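The file coords.txt comes next; it holds compact mmCIF, N, CA and C atoms and all ligand atoms.
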# COMPACT_ATOMS: atom_id res chain seq x y z
N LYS A 6 -4.67 17.45 -14.70
CA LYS A 6 -5.71 16.67 -15.38
C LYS A 6 -5.31 15.20 -15.54
N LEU A 7 -6.35 14.39 -15.39
CA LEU A 7 -6.23 12.91 -15.49
C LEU A 7 -6.16 12.57 -16.98
N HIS A 8 -5.83 11.34 -17.27
CA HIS A 8 -5.83 10.92 -18.69
C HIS A 8 -6.31 9.47 -18.74
N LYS A 9 -7.02 9.14 -19.79
CA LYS A 9 -7.51 7.77 -19.98
C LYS A 9 -6.48 6.89 -20.66
N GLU A 10 -6.37 5.65 -20.26
CA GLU A 10 -5.44 4.68 -20.87
C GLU A 10 -6.26 3.50 -21.31
N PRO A 11 -5.90 2.86 -22.40
CA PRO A 11 -6.69 1.73 -22.89
C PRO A 11 -6.50 0.54 -21.98
N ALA A 12 -7.44 -0.34 -21.97
CA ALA A 12 -7.40 -1.60 -21.21
C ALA A 12 -8.30 -2.58 -21.98
N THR A 13 -8.21 -3.81 -21.65
CA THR A 13 -9.01 -4.86 -22.31
C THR A 13 -9.76 -5.64 -21.25
N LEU A 14 -11.07 -5.83 -21.45
CA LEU A 14 -11.79 -6.62 -20.45
C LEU A 14 -11.29 -8.06 -20.37
N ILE A 15 -11.16 -8.58 -19.18
CA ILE A 15 -10.85 -9.96 -18.90
C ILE A 15 -12.24 -10.51 -18.44
N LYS A 16 -12.69 -9.98 -17.33
CA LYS A 16 -13.96 -10.40 -16.73
C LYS A 16 -14.59 -9.43 -15.74
N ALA A 17 -15.90 -9.33 -15.88
CA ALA A 17 -16.67 -8.48 -14.93
C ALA A 17 -16.84 -9.36 -13.69
N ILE A 18 -16.56 -8.86 -12.52
CA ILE A 18 -16.68 -9.65 -11.29
C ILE A 18 -17.99 -9.34 -10.62
N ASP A 19 -18.33 -8.09 -10.47
CA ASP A 19 -19.58 -7.68 -9.81
C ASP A 19 -19.83 -6.23 -10.21
N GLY A 20 -20.72 -5.58 -9.51
CA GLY A 20 -21.13 -4.22 -9.82
C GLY A 20 -19.96 -3.21 -9.84
N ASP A 21 -19.05 -3.34 -8.88
CA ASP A 21 -17.94 -2.38 -8.82
C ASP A 21 -16.55 -2.95 -8.97
N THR A 22 -16.43 -4.19 -9.40
CA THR A 22 -15.07 -4.78 -9.51
C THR A 22 -14.98 -5.47 -10.82
N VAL A 23 -13.98 -5.17 -11.60
CA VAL A 23 -13.77 -5.78 -12.93
C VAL A 23 -12.29 -6.16 -13.07
N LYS A 24 -12.04 -7.20 -13.83
CA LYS A 24 -10.63 -7.61 -14.08
C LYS A 24 -10.32 -7.16 -15.48
N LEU A 25 -9.24 -6.43 -15.64
CA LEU A 25 -8.82 -5.92 -16.96
C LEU A 25 -7.33 -6.26 -17.21
N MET A 26 -6.96 -6.27 -18.46
CA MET A 26 -5.56 -6.45 -18.86
C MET A 26 -5.12 -4.97 -18.98
N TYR A 27 -4.18 -4.56 -18.18
CA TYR A 27 -3.74 -3.12 -18.24
C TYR A 27 -2.24 -3.13 -18.39
N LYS A 28 -1.74 -2.47 -19.38
CA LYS A 28 -0.29 -2.39 -19.69
C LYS A 28 0.27 -3.81 -19.74
N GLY A 29 -0.54 -4.67 -20.37
CA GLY A 29 -0.23 -6.04 -20.57
C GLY A 29 -0.30 -6.91 -19.36
N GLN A 30 -0.74 -6.50 -18.19
CA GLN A 30 -0.85 -7.45 -17.06
C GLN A 30 -2.30 -7.45 -16.54
N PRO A 31 -2.73 -8.60 -16.10
CA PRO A 31 -4.07 -8.79 -15.56
C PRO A 31 -4.08 -8.10 -14.19
N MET A 32 -5.16 -7.40 -13.93
CA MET A 32 -5.31 -6.62 -12.70
C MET A 32 -6.80 -6.46 -12.39
N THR A 33 -7.07 -6.49 -11.12
CA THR A 33 -8.44 -6.26 -10.63
C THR A 33 -8.56 -4.74 -10.34
N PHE A 34 -9.64 -4.17 -10.88
CA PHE A 34 -9.91 -2.77 -10.64
C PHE A 34 -11.16 -2.62 -9.77
N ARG A 35 -11.13 -1.70 -8.86
CA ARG A 35 -12.28 -1.34 -8.03
C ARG A 35 -12.70 0.06 -8.48
N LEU A 36 -13.94 0.27 -8.83
CA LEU A 36 -14.43 1.57 -9.30
C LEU A 36 -14.32 2.65 -8.21
N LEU A 37 -13.68 3.76 -8.53
CA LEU A 37 -13.56 4.85 -7.54
C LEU A 37 -14.94 5.45 -7.24
N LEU A 38 -15.05 5.96 -6.03
CA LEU A 38 -16.18 6.72 -5.48
C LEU A 38 -17.54 6.11 -5.51
N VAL A 39 -17.66 4.82 -5.68
CA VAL A 39 -19.00 4.22 -5.69
C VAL A 39 -18.95 2.93 -4.84
N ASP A 40 -20.13 2.53 -4.51
CA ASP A 40 -20.40 1.28 -3.84
C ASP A 40 -21.70 0.65 -4.37
N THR A 41 -21.50 -0.48 -5.03
CA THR A 41 -22.63 -1.30 -5.48
C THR A 41 -22.88 -2.35 -4.36
N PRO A 42 -24.13 -2.76 -4.24
CA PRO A 42 -24.54 -3.76 -3.26
C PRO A 42 -23.71 -5.02 -3.45
N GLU A 43 -23.40 -5.63 -2.32
CA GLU A 43 -22.58 -6.84 -2.26
C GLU A 43 -23.32 -8.06 -2.76
N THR A 44 -22.56 -8.96 -3.36
CA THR A 44 -23.05 -10.24 -3.84
C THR A 44 -22.14 -11.43 -3.51
N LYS A 45 -21.06 -11.24 -2.77
CA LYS A 45 -20.20 -12.40 -2.50
C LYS A 45 -19.78 -12.54 -1.05
N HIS A 46 -19.90 -11.49 -0.28
CA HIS A 46 -19.45 -11.57 1.13
C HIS A 46 -20.52 -12.17 2.02
N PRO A 47 -20.12 -13.14 2.83
CA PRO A 47 -21.01 -13.82 3.78
C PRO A 47 -21.52 -12.88 4.88
N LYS A 48 -20.78 -11.80 5.08
CA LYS A 48 -21.05 -10.77 6.07
C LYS A 48 -22.32 -10.00 5.72
N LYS A 49 -22.46 -9.72 4.44
CA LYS A 49 -23.64 -8.92 4.03
C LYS A 49 -24.75 -9.75 3.42
N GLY A 50 -24.37 -10.88 2.85
CA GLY A 50 -25.31 -11.77 2.14
C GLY A 50 -25.31 -11.23 0.68
N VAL A 51 -26.43 -11.43 0.04
CA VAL A 51 -26.65 -10.96 -1.35
C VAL A 51 -27.62 -9.79 -1.21
N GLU A 52 -27.05 -8.61 -1.03
CA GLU A 52 -27.85 -7.40 -0.81
C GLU A 52 -28.76 -7.05 -1.97
N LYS A 53 -29.78 -6.26 -1.64
CA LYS A 53 -30.78 -5.85 -2.65
C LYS A 53 -30.10 -5.00 -3.73
N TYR A 54 -30.42 -5.29 -4.97
CA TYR A 54 -29.89 -4.68 -6.18
C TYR A 54 -28.49 -5.12 -6.54
N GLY A 55 -27.90 -6.01 -5.74
CA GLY A 55 -26.55 -6.54 -6.00
C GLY A 55 -26.50 -7.16 -7.37
N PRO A 56 -27.41 -8.09 -7.60
CA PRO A 56 -27.51 -8.81 -8.89
C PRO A 56 -27.72 -7.87 -10.06
N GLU A 57 -28.55 -6.87 -9.88
CA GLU A 57 -28.85 -5.86 -10.90
C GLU A 57 -27.63 -4.97 -11.19
N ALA A 58 -26.92 -4.60 -10.14
CA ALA A 58 -25.70 -3.77 -10.28
C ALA A 58 -24.66 -4.59 -11.00
N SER A 59 -24.55 -5.88 -10.65
CA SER A 59 -23.59 -6.74 -11.35
C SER A 59 -23.92 -6.87 -12.81
N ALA A 60 -25.19 -7.12 -13.12
CA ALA A 60 -25.63 -7.27 -14.52
C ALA A 60 -25.38 -6.02 -15.35
N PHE A 61 -25.69 -4.89 -14.74
CA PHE A 61 -25.48 -3.58 -15.42
C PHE A 61 -24.02 -3.40 -15.84
N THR A 62 -23.10 -3.48 -14.85
CA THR A 62 -21.68 -3.33 -15.17
C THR A 62 -21.22 -4.28 -16.25
N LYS A 63 -21.53 -5.58 -16.04
CA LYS A 63 -21.15 -6.65 -16.99
C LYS A 63 -21.61 -6.30 -18.38
N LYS A 64 -22.88 -5.93 -18.48
CA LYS A 64 -23.46 -5.61 -19.80
C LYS A 64 -22.68 -4.48 -20.44
N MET A 65 -22.42 -3.46 -19.63
CA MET A 65 -21.71 -2.26 -20.08
C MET A 65 -20.31 -2.57 -20.54
N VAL A 66 -19.51 -3.33 -19.81
CA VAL A 66 -18.11 -3.55 -20.30
C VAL A 66 -17.99 -4.61 -21.40
N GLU A 67 -18.94 -5.54 -21.38
CA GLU A 67 -18.84 -6.64 -22.38
C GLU A 67 -19.19 -6.18 -23.76
N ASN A 68 -20.10 -5.24 -23.82
CA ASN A 68 -20.63 -4.72 -25.10
C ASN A 68 -19.83 -3.58 -25.65
N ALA A 69 -18.78 -3.23 -24.92
CA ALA A 69 -17.99 -2.05 -25.34
C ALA A 69 -17.02 -2.36 -26.46
N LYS A 70 -16.77 -1.41 -27.33
CA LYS A 70 -15.72 -1.60 -28.35
C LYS A 70 -14.37 -1.25 -27.68
N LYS A 71 -14.44 -0.23 -26.81
CA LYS A 71 -13.27 0.29 -26.12
C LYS A 71 -13.47 0.47 -24.62
N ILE A 72 -12.47 0.06 -23.90
CA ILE A 72 -12.47 0.23 -22.42
C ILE A 72 -11.23 1.10 -22.12
N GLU A 73 -11.47 2.09 -21.24
CA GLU A 73 -10.41 2.97 -20.81
C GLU A 73 -10.47 3.07 -19.26
N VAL A 74 -9.26 3.20 -18.72
CA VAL A 74 -9.10 3.39 -17.28
C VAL A 74 -8.48 4.80 -17.10
N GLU A 75 -8.97 5.38 -16.00
CA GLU A 75 -8.45 6.73 -15.67
C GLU A 75 -8.13 6.75 -14.18
N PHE A 76 -6.86 6.77 -13.84
CA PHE A 76 -6.44 6.87 -12.42
C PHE A 76 -6.67 8.31 -11.96
N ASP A 77 -6.86 8.43 -10.65
CA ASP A 77 -7.09 9.78 -10.06
C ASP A 77 -5.66 10.27 -9.65
N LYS A 78 -5.66 11.31 -8.82
CA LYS A 78 -4.36 11.87 -8.41
C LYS A 78 -3.90 11.29 -7.09
N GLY A 79 -4.64 10.51 -6.38
CA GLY A 79 -4.13 10.00 -5.07
C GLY A 79 -3.63 8.59 -5.26
N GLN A 80 -3.82 7.77 -4.26
CA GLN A 80 -3.36 6.37 -4.29
C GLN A 80 -4.02 5.59 -5.45
N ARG A 81 -3.19 4.78 -6.09
CA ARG A 81 -3.72 4.02 -7.24
C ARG A 81 -4.12 2.60 -6.97
N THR A 82 -3.85 2.13 -5.76
CA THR A 82 -4.23 0.74 -5.38
C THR A 82 -4.73 0.77 -3.95
N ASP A 83 -5.66 -0.10 -3.65
CA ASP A 83 -6.22 -0.23 -2.29
C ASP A 83 -5.34 -1.29 -1.58
N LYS A 84 -5.73 -1.58 -0.35
CA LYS A 84 -4.91 -2.54 0.46
C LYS A 84 -4.99 -3.94 -0.06
N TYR A 85 -5.97 -4.24 -0.91
CA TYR A 85 -6.13 -5.55 -1.53
C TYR A 85 -5.42 -5.69 -2.86
N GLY A 86 -4.69 -4.67 -3.26
CA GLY A 86 -3.96 -4.69 -4.52
C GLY A 86 -4.82 -4.36 -5.73
N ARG A 87 -6.04 -3.86 -5.51
CA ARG A 87 -6.94 -3.52 -6.62
C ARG A 87 -6.63 -2.12 -7.12
N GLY A 88 -6.62 -1.93 -8.42
CA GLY A 88 -6.41 -0.57 -8.99
C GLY A 88 -7.71 0.22 -8.74
N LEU A 89 -7.53 1.47 -8.37
CA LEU A 89 -8.64 2.39 -8.07
C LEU A 89 -8.78 3.36 -9.24
N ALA A 90 -9.84 3.14 -10.04
CA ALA A 90 -9.94 4.10 -11.20
C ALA A 90 -11.35 4.37 -11.62
N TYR A 91 -11.43 5.32 -12.57
CA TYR A 91 -12.73 5.58 -13.25
C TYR A 91 -12.58 4.70 -14.52
N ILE A 92 -13.61 3.95 -14.78
CA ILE A 92 -13.60 3.06 -15.98
C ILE A 92 -14.61 3.62 -16.98
N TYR A 93 -14.17 3.64 -18.23
CA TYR A 93 -15.03 4.11 -19.32
C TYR A 93 -15.30 3.02 -20.35
N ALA A 94 -16.53 2.94 -20.79
CA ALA A 94 -16.92 1.94 -21.84
C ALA A 94 -17.45 2.80 -23.00
N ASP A 95 -16.72 2.83 -24.08
CA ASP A 95 -17.08 3.66 -25.25
C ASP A 95 -17.28 5.09 -24.85
N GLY A 96 -16.37 5.57 -24.03
CA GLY A 96 -16.39 6.95 -23.54
C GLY A 96 -17.38 7.27 -22.46
N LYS A 97 -18.20 6.35 -22.04
CA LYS A 97 -19.20 6.55 -20.98
C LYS A 97 -18.62 6.05 -19.63
N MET A 98 -18.63 6.89 -18.59
CA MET A 98 -18.05 6.43 -17.30
C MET A 98 -18.98 5.39 -16.65
N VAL A 99 -18.45 4.21 -16.36
CA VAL A 99 -19.25 3.18 -15.68
C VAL A 99 -19.66 3.68 -14.30
N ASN A 100 -18.70 4.27 -13.59
CA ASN A 100 -18.97 4.77 -12.21
C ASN A 100 -20.23 5.64 -12.21
N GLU A 101 -20.27 6.58 -13.16
CA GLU A 101 -21.45 7.51 -13.23
C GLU A 101 -22.74 6.86 -13.64
N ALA A 102 -22.68 5.97 -14.60
CA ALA A 102 -23.81 5.21 -15.14
C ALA A 102 -24.51 4.49 -14.01
N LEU A 103 -23.69 3.83 -13.17
CA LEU A 103 -24.23 3.12 -12.00
C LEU A 103 -24.95 4.08 -11.06
N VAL A 104 -24.31 5.18 -10.73
CA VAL A 104 -24.93 6.12 -9.77
C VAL A 104 -26.21 6.68 -10.38
N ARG A 105 -26.13 7.05 -11.64
CA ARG A 105 -27.30 7.67 -12.32
C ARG A 105 -28.52 6.77 -12.38
N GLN A 106 -28.26 5.47 -12.49
CA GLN A 106 -29.31 4.44 -12.55
C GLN A 106 -29.77 4.04 -11.17
N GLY A 107 -29.23 4.60 -10.10
CA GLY A 107 -29.59 4.24 -8.72
C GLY A 107 -29.08 2.82 -8.39
N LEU A 108 -27.98 2.37 -9.03
CA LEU A 108 -27.45 1.04 -8.74
C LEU A 108 -26.18 1.07 -7.89
N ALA A 109 -25.81 2.25 -7.44
CA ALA A 109 -24.66 2.45 -6.57
C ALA A 109 -24.88 3.74 -5.79
N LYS A 110 -24.20 3.86 -4.67
CA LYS A 110 -24.20 5.09 -3.88
C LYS A 110 -22.76 5.64 -4.00
N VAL A 111 -22.67 6.94 -3.80
CA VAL A 111 -21.35 7.60 -3.85
C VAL A 111 -20.75 7.28 -2.45
N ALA A 112 -19.57 6.69 -2.50
CA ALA A 112 -18.91 6.25 -1.25
C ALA A 112 -17.40 6.28 -1.39
N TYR A 113 -16.79 6.13 -0.21
CA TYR A 113 -15.34 6.03 -0.06
C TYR A 113 -14.61 7.19 -0.71
N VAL A 114 -14.87 8.37 -0.21
CA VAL A 114 -14.03 9.52 -0.80
C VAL A 114 -12.70 9.37 -0.05
N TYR A 115 -11.78 8.62 -0.66
CA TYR A 115 -10.50 8.22 -0.08
C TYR A 115 -9.22 8.68 -0.78
N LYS A 116 -8.27 8.91 0.10
CA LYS A 116 -6.90 9.35 -0.10
C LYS A 116 -6.63 10.18 -1.34
N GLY A 117 -7.27 11.33 -1.40
CA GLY A 117 -7.18 12.35 -2.43
C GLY A 117 -7.68 11.98 -3.83
N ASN A 118 -8.49 10.95 -3.89
CA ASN A 118 -9.07 10.46 -5.16
C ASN A 118 -10.52 10.97 -5.23
N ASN A 119 -10.65 12.25 -5.58
CA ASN A 119 -12.01 12.82 -5.63
C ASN A 119 -12.25 13.74 -6.77
N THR A 120 -11.52 13.68 -7.81
CA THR A 120 -11.72 14.54 -8.98
C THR A 120 -13.17 14.61 -9.44
N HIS A 121 -13.83 13.47 -9.60
CA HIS A 121 -15.21 13.44 -10.11
C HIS A 121 -16.27 13.34 -9.07
N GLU A 122 -15.94 13.59 -7.80
CA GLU A 122 -16.89 13.50 -6.72
C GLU A 122 -18.15 14.36 -6.97
N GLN A 123 -17.95 15.59 -7.40
CA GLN A 123 -19.14 16.51 -7.55
C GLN A 123 -20.07 16.02 -8.65
N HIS A 124 -19.42 15.64 -9.74
CA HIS A 124 -20.11 15.08 -10.90
C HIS A 124 -20.93 13.88 -10.46
N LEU A 125 -20.32 12.96 -9.73
CA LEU A 125 -21.06 11.80 -9.21
C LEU A 125 -22.19 12.16 -8.27
N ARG A 126 -21.94 13.07 -7.35
CA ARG A 126 -22.97 13.49 -6.38
C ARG A 126 -24.23 14.04 -7.09
N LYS A 127 -23.97 14.80 -8.11
CA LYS A 127 -25.13 15.36 -8.91
C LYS A 127 -25.96 14.22 -9.49
N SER A 128 -25.28 13.23 -10.08
CA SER A 128 -26.03 12.10 -10.65
C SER A 128 -26.78 11.38 -9.57
N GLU A 129 -26.19 11.22 -8.39
CA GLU A 129 -26.83 10.51 -7.31
C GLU A 129 -28.10 11.23 -6.85
N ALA A 130 -28.02 12.55 -6.79
CA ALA A 130 -29.19 13.36 -6.32
C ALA A 130 -30.39 13.16 -7.27
N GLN A 131 -30.04 13.11 -8.56
CA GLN A 131 -31.02 12.88 -9.62
C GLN A 131 -31.61 11.50 -9.49
N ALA A 132 -30.82 10.42 -9.29
CA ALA A 132 -31.37 9.09 -9.09
C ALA A 132 -32.28 9.06 -7.85
N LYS A 133 -31.91 9.83 -6.82
CA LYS A 133 -32.66 9.90 -5.57
C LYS A 133 -34.01 10.58 -5.88
N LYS A 134 -33.92 11.71 -6.54
CA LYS A 134 -35.14 12.47 -6.92
C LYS A 134 -36.10 11.60 -7.70
N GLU A 135 -35.57 10.70 -8.52
CA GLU A 135 -36.38 9.82 -9.32
C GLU A 135 -36.74 8.53 -8.65
N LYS A 136 -36.32 8.35 -7.43
CA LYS A 136 -36.60 7.13 -6.63
C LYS A 136 -36.28 5.86 -7.38
N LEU A 137 -35.12 5.79 -8.02
CA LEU A 137 -34.73 4.64 -8.82
C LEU A 137 -34.01 3.56 -7.98
N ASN A 138 -34.38 2.35 -8.26
CA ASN A 138 -33.74 1.15 -7.66
C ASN A 138 -33.43 1.32 -6.20
N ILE A 139 -32.14 1.39 -5.86
CA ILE A 139 -31.76 1.57 -4.46
C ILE A 139 -32.60 2.64 -3.80
N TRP A 140 -32.94 3.72 -4.44
CA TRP A 140 -33.69 4.81 -3.82
C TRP A 140 -35.19 4.63 -3.89
N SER A 141 -35.66 3.50 -4.35
CA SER A 141 -37.12 3.28 -4.47
C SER A 141 -37.68 2.85 -3.10
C1 LIG A 201 -13.51 2.53 -3.54
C2 LIG A 201 -12.48 2.17 -2.49
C3 LIG A 201 -12.63 1.06 -1.66
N1 LIG A 201 -11.65 0.80 -0.77
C4 LIG A 201 -11.70 -0.29 0.23
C5 LIG A 201 -12.43 0.23 1.52
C6 LIG A 201 -13.05 -1.11 1.99
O1 LIG A 201 -12.07 -1.94 2.76
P1 LIG A 201 -12.55 -3.00 3.81
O2 LIG A 201 -12.66 -4.28 3.00
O3 LIG A 201 -11.53 -3.04 4.92
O4 LIG A 201 -13.93 -2.43 4.19
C7 LIG A 201 -13.36 -1.92 0.71
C8 LIG A 201 -14.66 -1.53 0.02
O5 LIG A 201 -14.69 -2.27 -1.27
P2 LIG A 201 -15.84 -3.24 -1.58
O6 LIG A 201 -17.13 -2.47 -1.87
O7 LIG A 201 -15.34 -4.08 -2.77
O8 LIG A 201 -15.99 -4.23 -0.44
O9 LIG A 201 -12.24 -1.55 -0.17
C9 LIG A 201 -10.55 1.60 -0.62
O10 LIG A 201 -9.68 1.35 0.21
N2 LIG A 201 -10.41 2.70 -1.42
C10 LIG A 201 -11.32 2.98 -2.30
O11 LIG A 201 -11.19 4.04 -3.01
CA CA A 202 -19.28 -3.08 -3.28
Here is a file; write its structure as structure tokens.
Ligand SMILES: Cc1cn([C@H]2C[C@H](OP(=O)(O)O)[C@@H](COP(=O)(O)O)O2)c(=O)[nH]c1=O
Ligand SMILES: [Ca+2]
Amino acid sequence: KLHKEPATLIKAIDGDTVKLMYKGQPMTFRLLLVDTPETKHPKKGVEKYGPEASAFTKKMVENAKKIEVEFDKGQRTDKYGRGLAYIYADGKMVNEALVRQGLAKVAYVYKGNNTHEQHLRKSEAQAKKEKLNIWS
């Protein structure tokens, strides 16, 4: 079983990337198992719902009393040095909130980091059934 560790928000970067102070050092975290539309890469442009996904995450972590990070059992950092985790705001998983709202798709089931994959997939099916945002 995984365990949550406290962290402090530094800054929300976009829908799936946030900077947190973790174990006293600043670190960029990438949300496990999700993909929010891009808003900074010239390759994709400013994809549809990018701005909305960014606003959602930002609102969620900024308004939180408590932020927690939960590493999975596989690799803890990507090739860019970003921590790969499930992030919680007042006990609510940001990763799931995004999928449930149709603001992210379940993606990158990578290097044994899939503990909450089923949980996420269920939320995604529900957002799809409801034709929300990305699925509209
Ligand atoms: C979520 C996640 C993303 N990534 C990588 C894959 C992609 O690399 P490439 O940049 O080579 O495509 C990129 C997707 O993140 P972004 O959605 O921030 O771009 O980060 C991982 O390596 N592991 C992961 O668990
Ligand atoms: Ca993304």
Notebook entry, point to check: Which residues come within 10 Å of residue 107 in chain A, counting only C-alpha atoms, excluding same-chain residues fewer than 4 positions away, as an MDAnalysis selection string?
Noted result: chainID A and resid 41 54 58 101:103 128:133 135:141
Item checked: Test item: residues at most 5 Å from residue 89 in chain A, all atoms listed in the file, excluding those fewer than 4 positions along its chain, as a PyMOL selection string -> chain A and resi 35+37+81-82
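For the set A:17, A:51, A:112, A:72, the residue with the smallest atom-to-atom gap to residue 96 in chain A is A:72, counting all atoms listed in the file.
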Using only C-alpha atoms and all ligand atoms, find each residue with an atom at most 10 Å away from ligand LIG 201 (chain A) and format the answer as a CSV table (one decimal) with N, CA and C atoms, in the coordinates of the input.
chain,number,residue,atom,x,y,z
A,19,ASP,N,-18.3,-8.1,-10.5
A,19,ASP,CA,-19.6,-7.7,-9.8
A,19,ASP,C,-19.8,-6.2,-10.2
A,20,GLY,N,-20.7,-5.6,-9.5
A,20,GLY,CA,-21.1,-4.2,-9.8
A,20,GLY,C,-20.0,-3.2,-9.8
A,21,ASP,N,-19.0,-3.3,-8.9
A,21,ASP,CA,-17.9,-2.4,-8.8
A,21,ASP,C,-16.6,-3.0,-9.0
A,22,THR,N,-16.4,-4.2,-9.4
A,22,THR,CA,-15.1,-4.8,-9.5
A,22,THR,C,-15.0,-5.5,-10.8
A,34,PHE,N,-9.6,-4.2,-10.9
A,34,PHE,CA,-9.9,-2.8,-10.6
A,34,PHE,C,-11.2,-2.6,-9.8
A,35,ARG,N,-11.1,-1.7,-8.9
A,35,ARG,CA,-12.3,-1.3,-8.0
A,35,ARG,C,-12.7,0.1,-8.5
A,36,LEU,N,-13.9,0.3,-8.8
A,36,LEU,CA,-14.4,1.6,-9.3
A,36,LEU,C,-14.3,2.6,-8.2
A,37,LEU,N,-13.7,3.8,-8.5
A,37,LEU,CA,-13.6,4.8,-7.5
A,37,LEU,C,-14.9,5.4,-7.2
A,38,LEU,N,-15.0,6.0,-6.0
A,38,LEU,CA,-16.2,6.7,-5.5
A,38,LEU,C,-17.5,6.1,-5.5
A,39,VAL,N,-17.7,4.8,-5.7
A,39,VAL,CA,-19.0,4.2,-5.7
A,39,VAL,C,-19.0,2.9,-4.8
A,40,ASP,N,-20.1,2.5,-4.5
A,40,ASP,CA,-20.4,1.3,-3.8
A,40,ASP,C,-21.7,0.6,-4.4
A,41,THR,N,-21.5,-0.5,-5.0
A,41,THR,CA,-22.6,-1.3,-5.5
A,41,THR,C,-22.9,-2.4,-4.4
A,42,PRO,N,-24.1,-2.8,-4.2
A,42,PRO,CA,-24.5,-3.8,-3.3
A,42,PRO,C,-23.7,-5.0,-3.4
A,43,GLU,N,-23.4,-5.6,-2.3
A,43,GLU,CA,-22.6,-6.8,-2.3
A,43,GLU,C,-23.3,-8.1,-2.8
A,44,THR,N,-22.6,-9.0,-3.4
A,44,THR,CA,-23.0,-10.2,-3.8
A,44,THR,C,-22.1,-11.4,-3.5
A,45,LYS,N,-21.1,-11.2,-2.8
A,45,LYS,CA,-20.2,-12.4,-2.5
A,45,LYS,C,-19.8,-12.5,-1.0
A,46,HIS,N,-19.9,-11.5,-0.3
A,46,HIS,CA,-19.4,-11.6,1.1
A,46,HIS,C,-20.5,-12.2,2.0
A,77,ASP,N,-6.9,8.4,-10.6
A,77,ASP,CA,-7.1,9.8,-10.1
A,77,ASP,C,-5.7,10.3,-9.6
A,79,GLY,N,-4.6,10.5,-6.4
A,79,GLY,CA,-4.1,10.0,-5.1
A,79,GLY,C,-3.6,8.6,-5.3
A,80,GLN,N,-3.8,7.8,-4.3
A,80,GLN,CA,-3.4,6.4,-4.3
A,80,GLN,C,-4.0,5.6,-5.4
A,81,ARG,N,-3.2,4.8,-6.1
A,81,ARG,CA,-3.7,4.0,-7.2
A,81,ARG,C,-4.1,2.6,-7.0
A,82,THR,N,-3.8,2.1,-5.8
A,82,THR,CA,-4.2,0.7,-5.4
A,82,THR,C,-4.7,0.8,-4.0
A,83,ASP,N,-5.7,-0.1,-3.6
A,83,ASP,CA,-6.2,-0.2,-2.3
A,83,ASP,C,-5.3,-1.3,-1.6
A,84,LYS,N,-5.7,-1.6,-0.4
A,84,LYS,CA,-4.9,-2.5,0.5
A,84,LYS,C,-5.0,-3.9,-0.1
A,85,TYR,N,-6.0,-4.2,-0.9
A,85,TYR,CA,-6.1,-5.6,-1.5
A,85,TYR,C,-5.4,-5.7,-2.9
A,86,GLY,N,-4.7,-4.7,-3.3
A,86,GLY,CA,-4.0,-4.7,-4.5
A,86,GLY,C,-4.8,-4.4,-5.7
A,87,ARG,N,-6.0,-3.9,-5.5
A,87,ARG,CA,-6.9,-3.5,-6.6
A,87,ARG,C,-6.6,-2.1,-7.1
A,88,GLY,N,-6.6,-1.9,-8.4
A,88,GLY,CA,-6.4,-0.6,-9.0
A,88,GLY,C,-7.7,0.2,-8.7
A,89,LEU,N,-7.5,1.5,-8.4
A,89,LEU,CA,-8.6,2.4,-8.1
A,89,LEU,C,-8.8,3.4,-9.2
A,90,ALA,N,-9.8,3.1,-10.0
A,90,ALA,CA,-9.9,4.1,-11.2
A,90,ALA,C,-11.4,4.4,-11.6
A,111,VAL,N,-22.7,6.9,-3.8
A,111,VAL,CA,-21.4,7.6,-3.8
A,111,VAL,C,-20.8,7.3,-2.4
A,112,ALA,N,-19.6,6.7,-2.5
A,112,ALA,CA,-18.9,6.2,-1.2
A,112,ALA,C,-17.4,6.3,-1.4
A,113,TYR,N,-16.8,6.1,-0.2
A,113,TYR,CA,-15.3,6.0,-0.1
A,113,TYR,C,-14.6,7.2,-0.7
A,114,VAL,N,-14.9,8.4,-0.2
A,114,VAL,CA,-14.0,9.5,-0.8
A,114,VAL,C,-12.7,9.4,0.0
A,115,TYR,N,-11.8,8.6,-0.7
A,115,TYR,CA,-10.5,8.2,-0.1
A,115,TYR,C,-9.2,8.7,-0.8
A,116,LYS,N,-8.3,8.9,0.1
A,116,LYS,CA,-6.9,9.4,-0.1
A,116,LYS,C,-6.6,10.2,-1.3
A,117,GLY,N,-7.3,11.3,-1.4
A,117,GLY,CA,-7.2,12.4,-2.4
A,117,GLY,C,-7.7,12.0,-3.8
A,118,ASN,N,-8.5,11.0,-3.9
A,118,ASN,CA,-9.1,10.5,-5.2
A,118,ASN,C,-10.5,11.0,-5.2
A,119,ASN,N,-10.6,12.2,-5.6
A,119,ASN,CA,-12.0,12.8,-5.6
A,119,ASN,C,-12.2,13.7,-6.8
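Going from CA of residue 78 in chain A to CA of residue 64 in chain A covers 28.3 Å.
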